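See below for the structure under consideration.
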Amino acid sequence: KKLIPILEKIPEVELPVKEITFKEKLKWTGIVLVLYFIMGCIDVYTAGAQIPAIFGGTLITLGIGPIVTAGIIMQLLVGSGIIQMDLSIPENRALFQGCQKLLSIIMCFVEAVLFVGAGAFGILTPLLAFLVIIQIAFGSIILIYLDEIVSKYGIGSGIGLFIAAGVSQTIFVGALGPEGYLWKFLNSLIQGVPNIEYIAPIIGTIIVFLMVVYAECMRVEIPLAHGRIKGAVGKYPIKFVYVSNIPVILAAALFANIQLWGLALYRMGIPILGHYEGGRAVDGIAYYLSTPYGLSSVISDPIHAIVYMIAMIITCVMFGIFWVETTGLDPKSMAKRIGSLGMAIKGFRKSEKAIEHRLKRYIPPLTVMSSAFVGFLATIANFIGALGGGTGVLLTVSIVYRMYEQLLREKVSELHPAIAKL
């Protein structure tokens, strides 16, 4: 038995088995992208231009996608075995999912009320406050459904897009827009008092970017055994960085719900998590778990750094493993997908249960190694600090590339109407 009633009441998106051309999937995606950017330009209805935390929200903060938040819980429960489930059967698969979705809306409002209750606006007029929360959580809802759309009518993924979309925009705007940095620096030069601080963060991004890219390129190549033929053949590569993509998004996401739940459960109760004051946290768990990026790396707190990095690393390894018991690379299906072609490893064992085994073995370490790295990287990428959010930049770079491939797997599937599994 399960929360199937309300669960069945929750709307979905009609997936046509019809012909959805590349051109269409594309044009579909585009439509989503824009409404998003548009939603980013329209201010919420409130009589007063009081607080402008564009910085916060617009650096991965509020566009948060309560989804991520919710997904974090699922991974946690269905992860620490707290609610053991063998997805395999369409039940558990659609159970874990459908359920997470609902929670995504619950959190949609919880986050909403949590933001205003965290003093994100200033005037807590119970009336106006309510009104705001409405609009807010509801917009996030539009994203949940826009994702559904892209996820079943376009290319790439909603979340993924949105992340890359937000990051990319934040860069072009922050660097070249109105109050752009490239300008503020250029002008500072004309003015005759060259200000390194203006050009600075721009450099930081390039750096991060160059770095993030290099790391994104490394792969774990696994030689393969000829398909019924003889001699050296395969050399299959796995995405050592992209493997822990979704994972790292959940990690930095967790820290996000801490700073938000700390400040929240600070000016609305007892300082359980930490003492903030001045907007953010200047003490407590929150403190020891607050990313140091923005403009320039902060050396004036060596210990703070260490803790964080280690704190992140361990959190990344965590969601990675929880990505293993759940979804992730499931050998079972790897089994025959390796079998049909009959391409056993380069090592040996052309037997189903055989290969299938050497795989269920190589996974964990790979997954664990992956995230540990990624997380470390992302963290160090924040120390260095870059526009849009070093960490965000990382995700983007990857999400963008996984998007490119997508555009190719599509560009080709737009010819041989059959090989939609190879």
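Naming works like this for the structure tokens: A, B, ... for the chains as they're shown, residue 1 at the start of each chain, ligands 1 onward in shown order.
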Any chance you could list, as a PDB file with N, CA and C atoms, in the first residue's frame, the residues in region 126-367 of chain A that come up strand (DSSP E or B) when DSSP is run on the backbone?
```
ATOM      1  N   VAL A 220      37.708   6.916 -17.947  1.00  0.00           N
ATOM      2  CA  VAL A 220      38.188   5.608 -17.564  1.00  0.00           C
ATOM      3  C   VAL A 220      37.904   4.653 -18.725  1.00  0.00           C
ATOM      4  N   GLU A 221      38.923   4.442 -19.558  1.00  0.00           N
ATOM      5  CA  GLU A 221      38.818   3.564 -20.708  1.00  0.00           C
ATOM      6  C   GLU A 221      38.980   2.119 -20.287  1.00  0.00           C
ATOM      7  N   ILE A 222      38.005   1.315 -20.697  1.00  0.00           N
ATOM      8  CA  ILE A 222      37.970  -0.110 -20.403  1.00  0.00           C
ATOM      9  C   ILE A 222      37.999  -0.941 -21.688  1.00  0.00           C
ATOM     10  N   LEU A 224      37.752  -3.765 -24.469  1.00  0.00           N
ATOM     11  CA  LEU A 224      36.724  -4.772 -24.682  1.00  0.00           C
ATOM     12  C   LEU A 224      37.180  -5.917 -25.591  1.00  0.00           C
ATOM     13  N   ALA A 225      36.526  -7.065 -25.441  1.00  0.00           N
ATOM     14  CA  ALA A 225      36.851  -8.250 -26.219  1.00  0.00           C
ATOM     15  C   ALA A 225      36.018  -8.320 -27.484  1.00  0.00           C
ATOM     16  N   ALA A 232      42.615  -7.435 -30.752  1.00  0.00           N
ATOM     17  CA  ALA A 232      42.295  -6.220 -29.998  1.00  0.00           C
ATOM     18  C   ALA A 232      41.194  -5.416 -30.710  1.00  0.00           C
ATOM     19  N   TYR A 236      36.203   1.062 -24.588  1.00  0.00           N
ATOM     20  CA  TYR A 236      35.061   1.839 -24.043  1.00  0.00           C
ATOM     21  C   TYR A 236      35.431   2.829 -22.921  1.00  0.00           C
ATOM     22  N   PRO A 237      35.020   4.105 -23.068  1.00  0.00           N
ATOM     23  CA  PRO A 237      35.328   5.129 -22.062  1.00  0.00           C
ATOM     24  C   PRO A 237      34.131   5.525 -21.211  1.00  0.00           C
ATOM     25  N   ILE A 238      34.377   5.773 -19.928  1.00  0.00           N
ATOM     26  CA  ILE A 238      33.320   6.221 -19.032  1.00  0.00           C
ATOM     27  C   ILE A 238      33.625   7.631 -18.569  1.00  0.00           C
ATOM     28  N   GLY A 274      23.438  27.805  13.955  1.00  0.00           N
ATOM     29  CA  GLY A 274      24.473  28.807  14.112  1.00  0.00           C
ATOM     30  C   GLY A 274      23.988  30.240  14.205  1.00  0.00           C
ATOM     31  N   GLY A 284      28.951  28.570  14.005  1.00  0.00           N
ATOM     32  CA  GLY A 284      28.151  27.361  14.069  1.00  0.00           C
ATOM     33  C   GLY A 284      28.343  26.447  12.877  1.00  0.00           C
ATOM     34  N   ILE A 345      34.877  -8.171 -21.250  1.00  0.00           N
ATOM     35  CA  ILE A 345      35.983  -7.284 -20.927  1.00  0.00           C
ATOM     36  C   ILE A 345      37.235  -7.704 -21.691  1.00  0.00           C
TER      37      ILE A 345
END
```
Open item on the list: For region 290-303 of chain A, find every residue with an atom within 7 Å (counting only C-alpha atoms), except residues of its own chain fewer than 5 positions away, and show them as a list in words.
Closed with: residues 201, 382, 383, 384, 385 and 386 of chain A
Take the residues from that selection and write them out as an mmCIF file, in the first residue's frame, keeping C-alpha atoms.
```cif
data_model
loop_
_atom_site.group_PDB
_atom_site.id
_atom_site.type_symbol
_atom_site.label_atom_id
_atom_site.label_comp_id
_atom_site.auth_asym_id
_atom_site.auth_seq_id
_atom_site.Cartn_x
_atom_site.Cartn_y
_atom_site.Cartn_z
ATOM 1 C CA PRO A 201 36.608 37.776 -10.743
ATOM 2 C CA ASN A 382 35.192 27.779 -5.215
ATOM 3 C CA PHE A 383 38.308 28.666 -3.240
ATOM 4 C CA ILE A 384 39.649 30.092 -6.468
ATOM 5 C CA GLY A 385 36.159 31.476 -6.883
ATOM 6 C CA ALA A 386 34.632 32.445 -10.221
#
```
Task: DSSP-assigned helix (DSSP H, G or I) members of region 53-145 of chain A, reported as a ChimeraX atom specification - done: /A:54-57,62-64,66-77,90-116,126-145
Open item on the list: Can you tell me which residues surround region 205-214 of chain A at a distance of at most 12 Å, considering only C-alpha atoms, apart from same-chain residues fewer than 3 positions away, and format the answer as a ChimeraX atom specification?
Closed with: /A:167-168,170-172,174-175,199-202,217-219,240-242,293-296,373-401
Open item on the list: Neighbouring residues of residue 64 (chain A) were defined as those with any atom within 10 Å, considering only C-alpha atoms; residues of the same chain fewer than 3 positions away were excluded. Please report them as a list in words.
Closed with: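 Counting only C-alpha atoms, the residues come to residues 57, 58, 59, 60, 61, 67, 68, 69, 108, 111, 140, 159, 162, 163, 253, 256 and 257 of chain A.
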